[PDB]
Amino acid sequence: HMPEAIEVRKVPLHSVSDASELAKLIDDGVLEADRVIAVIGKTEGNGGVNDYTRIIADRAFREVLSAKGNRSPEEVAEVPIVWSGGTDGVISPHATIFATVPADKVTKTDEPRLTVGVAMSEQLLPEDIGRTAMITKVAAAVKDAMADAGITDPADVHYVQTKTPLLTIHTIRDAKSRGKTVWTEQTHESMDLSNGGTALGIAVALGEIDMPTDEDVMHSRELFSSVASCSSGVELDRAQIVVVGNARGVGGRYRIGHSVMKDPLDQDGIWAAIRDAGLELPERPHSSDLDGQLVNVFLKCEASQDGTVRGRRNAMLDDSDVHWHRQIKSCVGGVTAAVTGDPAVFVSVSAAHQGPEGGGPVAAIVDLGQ
Amino acid sequence: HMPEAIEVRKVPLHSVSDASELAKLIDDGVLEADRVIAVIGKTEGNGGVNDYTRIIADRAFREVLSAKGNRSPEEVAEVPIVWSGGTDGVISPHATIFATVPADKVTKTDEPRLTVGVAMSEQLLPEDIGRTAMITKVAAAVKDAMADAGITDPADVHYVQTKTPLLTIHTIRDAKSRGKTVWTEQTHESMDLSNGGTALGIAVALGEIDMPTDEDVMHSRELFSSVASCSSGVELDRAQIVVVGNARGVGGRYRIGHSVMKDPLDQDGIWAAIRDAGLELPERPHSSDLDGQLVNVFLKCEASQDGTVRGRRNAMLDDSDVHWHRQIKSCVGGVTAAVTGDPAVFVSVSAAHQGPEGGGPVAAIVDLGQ
Amino acid sequence: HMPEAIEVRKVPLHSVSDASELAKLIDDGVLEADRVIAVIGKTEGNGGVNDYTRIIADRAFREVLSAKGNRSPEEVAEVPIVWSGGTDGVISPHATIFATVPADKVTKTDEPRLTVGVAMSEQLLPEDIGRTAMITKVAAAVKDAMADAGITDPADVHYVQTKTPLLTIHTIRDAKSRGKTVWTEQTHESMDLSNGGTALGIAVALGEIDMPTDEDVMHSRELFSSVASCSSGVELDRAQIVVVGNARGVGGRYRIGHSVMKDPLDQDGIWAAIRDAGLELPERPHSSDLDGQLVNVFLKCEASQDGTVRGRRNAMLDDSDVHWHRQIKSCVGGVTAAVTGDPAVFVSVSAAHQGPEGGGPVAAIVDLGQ
Amino acid sequence: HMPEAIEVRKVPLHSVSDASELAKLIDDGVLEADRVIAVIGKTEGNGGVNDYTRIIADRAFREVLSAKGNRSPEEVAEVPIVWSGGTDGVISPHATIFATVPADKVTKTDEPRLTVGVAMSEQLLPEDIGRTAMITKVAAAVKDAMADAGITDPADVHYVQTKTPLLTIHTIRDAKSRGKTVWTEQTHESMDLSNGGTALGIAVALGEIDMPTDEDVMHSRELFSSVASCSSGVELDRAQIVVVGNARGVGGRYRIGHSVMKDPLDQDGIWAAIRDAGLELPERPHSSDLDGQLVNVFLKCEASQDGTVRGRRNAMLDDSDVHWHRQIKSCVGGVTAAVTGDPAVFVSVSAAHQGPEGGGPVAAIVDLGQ
C-alpha cells in the first residue's frame, strides 16, 4: 500500500513479438522483473477490434517477466499491461515500463516525484457498460488506485490509464438471458462506449464533474476528464485502473505533468504538459530543447462531431473507406512527434469524455535526475 | 508570352460540387473569370485511382469559369486545373486560384513578385511513361513554361505543379499493339511512376540533376527536384506544367518561396519556405505570427523505403489495410496545419524524386501587400 | 392512377457518368423518355456514406431524361431513381429502367404482368428515423403506392424498393433545437436504422407483421418483410416508395416473382424467385437454362449477428479493416451471378428487417414474351 | 521415401490461437502427432503483408505437435504448414491436416488413393525471385516432391501447395550489397511475383509448359499450371513444396482430383474437380448430394487484367479502397461454399500462372471409404 519510487523506461518493439529491450533492462540491472507494476504500449496492428498484435505483445512481455523473475505466471498475469494498437503514420511501436525501485536505490525528497497506483473495479456486467453502474464502479476503483499511489489531492493525478470490457456476442446474450438490456448491440461501437463511460467514472472520482446520468454518456461532451486515457479489450470482466501522478516524500528521478490538447493541432497543449511535468523550457519551445529529458507523452485524440478544425471542414466522419479513428491517429501522431522529436509516442483514439470534444488530455513524463 | 501580375486566392470547397467561393470572388470583382490561368486544389475523395471527387470539382469549377466569362467551354477546358484528392485527417478541401491582374490594377516594382507560366509537353506515349523519353519531353515543357513565366534563372522557380498520364488497360494494350513495352502493368503503380519520371524531367530542366538513365527511375532516390509537385490522371496524353516562381518588374502583392521537408516531422522546413517567400518571422515562429499573410503551402510527403523516421521504425510500408499514402498524408497534414494554423493546406503524396527520400519540397505563397 | 403496362430494360454503365445505353433505348424507340417512371441501379462507388458515384450517375441519367423528353428538369427530378453503390467483386454497374408502354403497343391479358406504383410519404423528421413514426408514415405511403400499381392483394407485391433519409449533423441538430432526440448520433449507423425502420413499415403495410414497437427496431430480427429492399441518402426528407408487383388485365411481357435467401449461400432461394416470376425451369436449374429470359434479380444480404453460416464461424463482424457490408456484398454478388450467369445483378446490403437474419428477400423479373 | 497411406482431416479454428481440434484428433486416436506431415489452413487475418494471424496459428499448431508427440520442437519446425490468411465473407478459418497411417491400419488397393510428397528447394536468393533461377530451382524441388509421393506420371499430381520467400527491405539490400538487382522494390508486389514464378516452376516440372523466359513472368498469362497453389511468407529462404496426388498400391480411403475454374463464377469447374476425385454425382449436382464425402476444396482466384467477367465490366482493379485480392476472395468464397455447402473452404488469392487468367486451379479431396 505505501508508495514506492518509480523507474520508468520507454523501449522500442523491434517486431510484433519482441520484448528484448525489456529483457535487456532486466539483464543490465536497470529494473527488476518482479518490480514491474505496469506496462503501457503501442502496437502495430490495426487499432480496431480484430487487432491481434496486442495479444502477441502481451505474450512476449509476460513471458519475459515470468522467465526473469520469481513471480509465477499467475502473478505475472495480474500485472496491468495496456496495449493501444494502431501506429498509423510515423508512430513507432513501443512500451513504457513502470517499476518500483528498491529502498537502497532511492533518495527521498519533498519534491513531487512519480507514483503509480493500481486497482481493479468490481465486476462490470454487460448491462453496466456505458451506463451509470459502470461510472460508479469505475469511480470507486479510481479512488482505490489514487489511495494506492499515495495521492490525496486529485490535483496530483496526471494520467489515469484504464482497460475495460467490451460488449461481445457472448455477453450481449448473457445480459439477455437474465432479462437485461445493453446500450448497443455492435462490438465496434461498444469499445468507444466502454472508454467513454470509464472516463466519466474517472471524472467523477477526481471531482472534475458531478455524477452524470445515463443519457449523458456519449452525448454530453462538455463533461469530461482532463486526465483519463481509456482503452478496452475482451480479456476482462472488471476495470483495470492505473493512476499515475506525483507524491512528495517518495523520491525518484521522474515527474509527471499534464494539460489538454484543445484540438488535433494543439502543439502548445503538449508543450504545456511537458512544462507542467517540471522541465524548464523557452517561451517558444522546440524539440531540440528536450536533450533526452522527455520519457514519453500519453494523449488522446478524436474527430469532433462538428466536422471542423480551426473553422475548416474536413470529411473524416463521413469516410467509409478509412475510419476516422485511423485518420486522426496518424494526424495527431505527426503533430505530437513533431513536438517530442521522437515518433515513439503514446497516441490513442476513442476519446469520449476524455478531454474536450475534438481534443484530449495529454500527460508528459520527464526525467529530472542526473 | 510576357508575364503578368498575379492575384492568388485560396477558397474552401463547402461540398464536393461547390465552386461558390470562386463565383463570389468573380462577382465581387476580386478577379475576372477569363483571367484565371490555373487552379490547384484538394478534394475529399480517397486520393487513389477510383477518386471521382476530382471530376466533380473539375466540372463545378469549369462551369463557373464558362458561365461568368466570355471564354468558350473549349477555351475554359485548356485552363490547367489540378485536383489532388485525399484530405485525410484535418486537411480541408479547397482550391487555390491564380489569375492575371489588369494593367490598371498593378504597381510595377523591381521586387520579386509571383509569376506563373504554363506549358503542355509533346505527346507522352504509354512506353514513354517512367522512362527517359518522358524525362526529356517533360524537361522541354518545363523550359517552355519557365520562359512563359518570365523566369531565366532557375533559382527563381519555387514550385512546379504538374499533371501527367497514367497507364491504363487501354494504353498498355495500345503500346503492345505497336510492339512496345511498358514499365509496369498496374494502374496504381503507374501513378507513382508517372509522377516520379515527371519529377526527374523537372530536375533536369532546372539544372538540379544531370540527365539520368532509365534504371534510375524510382530507384535512385538521391536524385530529385526541390520544387517538383507531380500529379497524374487519365484525362491527358501530354504533361501539363504549371511553373510558379517570382520575377522582377512585374508587380503584384504575392511572393513565393520554398524549402524542403527533410522528413515527415520537419516543421522547420515549412517555416523555411515561409521565410524564403519573404515573411519576416521570429527565430522560433508560431502559427500566431502569420496574421493572415500566408496564402497557402504546397508540399509533398512520403514514407521512406527504410521504414524509419528519426531512427524509429514504423509499419507504414507493410500495411495492407490502409495504404501508406493515406497514412502519411494524414500525418503530414497535421504537421503542416500546425505550422500554418489553417487546415486548408495543399499536402500531396506520391513523391519519388520530389524532395529527399522520406520528405518532399515545400513551397509557400505569402501576401506582402496592404 | 390506373396501372399501365411496363417495359423494363437492364443496361450497363460503361463508366461512372455514362447514361448512353438509356439514350440508345430512347433513340431506338424501345421506350420513351417521358414514360420512364423509375430507375434502380448499381454504381461503382464504395457503397458507404462518402459514395459520390450515386450523384454522378443521377446527374447523367436525369440529363438524358430531360434532353430527350418534353418533361422539364423539375418534373424529371420527381422520377424515383435509386442508386445502390458498391459493386464489390464481379458485380457490374448497371441500371434497370421501368417505363410505361403506350396503349397502341399493349395486348391486354388476364395473366399477371408487371406493374409499378410510386408514392412519397409524409415528411420524415429526424426524431422519426428508426422509430414507430417512421414505420407508420412508411406504411401509409406503401399502401398509397400499392394502390397506384393497381394491386389489392399484398400477395401480388414482390419487390418494394425504397429511399429514405439519413441522420446528418444538420438534422440531428434541428431535432435538438426543437427539444427532440434521435435514435443514434452517427451517420453510418443511421443508414442501417433508416432502412430497417422503413422495412418494418413495408412489413406492416403488407400484413407481414403486426405493428411493432420502438424497441423492436434493429433488435427483433424475426420481424421482417419478404419483399422490402431499402436504401437511404441525404437527398430527401420523405420516403420514396417504388412498389413492383403484378396485376391482371394490364398486359405487357414481363412478370415479377420473389422468394428469400435464407442465408448468403442460398442459391435455391434465387432459383425459387425466378420460378415464382413464371419461368419454367428444370428441377435443378443451371444459368444456361435461362436463354436471355431473366431481366434481373434484386436482393438484400447481410452478415448475421451470430457470426455463423451453415454452422461455421466467420470473422466478418469483427473486421475493422474491410467492413462486413463490403465483404458480404462481394460474396453474395458471386453466389448470385453464378445463378444468373450475368454479373449485372442488383445486390444490396443493409438488410435489417428485410428477409430473415443473415439473409434477404430476392425478387426476379423475367421476360415471358416473344 | 516410399509413400504411405494418408489420413486427412479438416478441422475448424475456433479462434485465432486455437489448435484444440488437432489436439482432439490426436487424443481420440484418429492420427498420431508424429505422423503429421503437412498442414494447410485458412486464417482470419487480412490476407496481406501485415497478417499476424498466420504466426499465431503456426505457434498454436506446432505447440500441439511438439507436446503430443515424441518429435522435438526442431523436428516439428520442419513440418510444412501453410497458412493462407484472409477469410473474407463466409470463409471459415480451418486447417486441413495430412498424416501417414500405420501399416496395421491400411488395406492396400490398386485403386488410386491420396499420397503426399514434400521437398525443399535449393536456396532462393533475392535476385532469383520472379526470374528463371527461381523457376529452375522450383522445378527441381517439384520433381523431388513428386518422387517422394511415389508419383511418376504428372497426370496423377492434382495439387501442389507451396510456400516461397518474399522480397523484404533486408533482402533487397543484401542483393544490392552483392551487386545484384531485384525484380521489384515493393514487398506487396513481391508476394504475387514470388507465387507466380513458383507456379511457372511447377508448370515446367509437370510438363504443362516449356521453360519460359524472364519476360514471361507476370506477363504471359496464357502460361500456367492447372495444379499450382502458391503462397509466400518471410519465414524462408527456400521453396517448400507439398505435392498432393494419387498413387496405386498404397491404400487409404481418400482420393484427390482437380479441374480449373475458368472464371470467378465457374461452379461447374468445382463440380468437375469433385467428380475427378472419384465421387459419383448427378448430371447437375447440388451440395446436398455430397453427404459428408467432400473433405475440402483448394483453389485459386483472381481478377482478370481485362476487367471483365462474362462480358461485364467490374471496377475491382481500380479500387484503392478495398484491394481486389479481398474482393475476389470474398466473391469466390461464396461461389465455392455454395457448391460445397461448407464455408470451410481453402480459397486463396495471388494466382499469376495458376490456372487461366481470371480463374484458377481447383482440387478436391473426397472420402471414398466406410
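In order of appearance the chains are A, B, C and D, and numbering begins at 1 in each one.
The working rule: contacts are C-beta pairs under 8 Å (C-beta built on N, C-alpha and C of every residue); 3 or more make two chains touch, one makes a residue touch a chain.
Engineer: Turning chain A onto chain B with a C-alpha fit: angle in degrees, nearest 5?
Structural biologist: With C-alpha atoms aligned, the rotation comes to 180 degrees.
Engineer: Any idea whether B-D or A-D has more C-beta pairs in contact?
Structural biologist: Higher C-beta contact count between the two pairs: B-D.
Engineer: So what's the Cα centroid distance for chain A and chain B, whole Å?
Structural biologist: 40
Engineer: From the mean C-alpha coordinate of chain A to that of chain D, what's the distance rounded to whole Å?
Structural biologist: About 43 Å separates the centre of chain A from that of chain D.
Engineer: Give, as an integer number of Å, the spacing between the C-alpha centres of chain D and chain B.
Structural biologist: 46
Engineer: Which residue numbers or ranges of chain A touch two or more of the other chains?
Structural biologist: Within chain A, residues 44, 46, 50, 315, 321 contact more than one other chain.
Engineer: If each protein chain is taken as a node and each touching pair as an edge, is the resulting graph a line, ring, star, complete or other?
Structural biologist: It is complete, because no pair of chains fails to touch.
Engineer: What chain-chain pairs meet the touch criterion?
Structural biologist: A-B, A-C, A-D, B-C, B-D, C-D
Engineer: Quick check on the complex: what are the chain B residues that touch chain D?
Structural biologist: By the definition above, chain B touches chain D via 46-51, 169, 185-189, 218-219, 305-307, 315, 317-321, 323.
Engineer: Mind listing the chain A positions that touch chain D in their complex?
Structural biologist: Residues 16-17, 44-45, 50, 52-53, 55-56, 321 of chain A touch chain D in their complex.
Engineer: Using the touch rule from the top, collect the residues of chain A that touch chain B in their complex.
Structural biologist: Where chain A meets chain B, its residues are 12, 14, 44, 46, 87-93, 264-265, 267, 282, 284-286, 309-310, 312-316, 321-322, 326-328, 330-335, 337-338, 341-344.
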